[PDB]
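So the protein sequences, as listed, match chains C and B.
Residues in the first sequence are numbered from 209 upward in steps of one, following PDB author numbering.
Residues in the second sequence are numbered from 300 upward in steps of one, following PDB author numbering.
See below for the structure under consideration.
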Amino acid sequence: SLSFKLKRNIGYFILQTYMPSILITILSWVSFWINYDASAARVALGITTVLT
Amino acid sequence: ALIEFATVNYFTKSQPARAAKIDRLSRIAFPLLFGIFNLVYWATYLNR
Ligand SMILES: *[C@@H]1O[C@H](CO)[C@@H](O[C@@H]2O[C@H](CO)[C@@H](O[C@@H]3O[C@H](CO)[C@@H](O)[C@H](O)[C@@H]3O)[C@H](O)[C@H]2NC(C)=O)[C@H](O)[C@H]1NC(C)=O
């Protein structure tokens with residue numbers, strides 16, 4: 209038996225799927241600084257965030 | 300751009316002068332920044 213042990217690099221995933229999700233959550237948090245009278249803006253934010 | 304809009308809407312209805320000022324500043328500060336970034340990027344990656 210010849211056996212290797214391959215360790216996967218995490219740079220590409222940090223680039224592709226961790227950073228967009230983190231920044232999408234950061235974007236979702238903006239929905240609190242908008243005034244609570246705006247009914248379409250915060251819903252647009254939340255819906256776009258869920259969809260992304 | 301989105302955070303700038305959030306700040307403007309947070310300052311609106313309370314301090315409209317500051318909101319209008321930061322909006323008028325961003326109007327010039329964003330295109331110039333993107334232009335000089337494009338200049339730097341294409342210059343450093345087309346010379347190699
Ligand atoms: C990758 O996986 C393989 C198998 O899953 C690992 O091989 C295993 O290595 C251990 C440690 O060398 C073996 O134990 C041995 O038992 C014999 C019994 O006499 C002893 O003489 C040795 O000194 C050692 O203690 C184990 O048998 C072996 N697996 C099999 C099925 O034989 C391997 O370590 C894993 N890691 C790498 C980097 O390959």
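Heads up, the beta-carbon is just placed ideally off N, CA and C, and yes, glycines get one too.
One Cα belongs to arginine 317 (chain B), the other to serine 239 (chain C), and the distance between them is close to 21 Å. Look at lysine 320 (chain B) here: in three-state DSSP terms it is helix. Taking 7 Å as the cut-off, one finds no heavy atom of ligand 1 near enough to the beta carbon of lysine 215 (chain C). Contact between the segment 226 to 243 of chain C and the segment 252 to 260 of chain C is present: three or more C-beta pairs spanning the two stretches fall below 8 Å. Here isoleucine 321 (chain B) is near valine 307 (chain B), since their CB atoms are less than 8 Å apart. Contact between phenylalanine 329 (chain B) and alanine 300 (chain B) holds, with the beta-carbon distance rounding to 7 Å and staying under 8 Å.
By the 16-neighbour rule on beta-carbons within 10 angstroms, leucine 331 (chain B) is exposed. One finds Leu301 in chain B with Cβ atoms closer than 8 Å to the Cβ of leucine 235 (chain C), taken in chain order.
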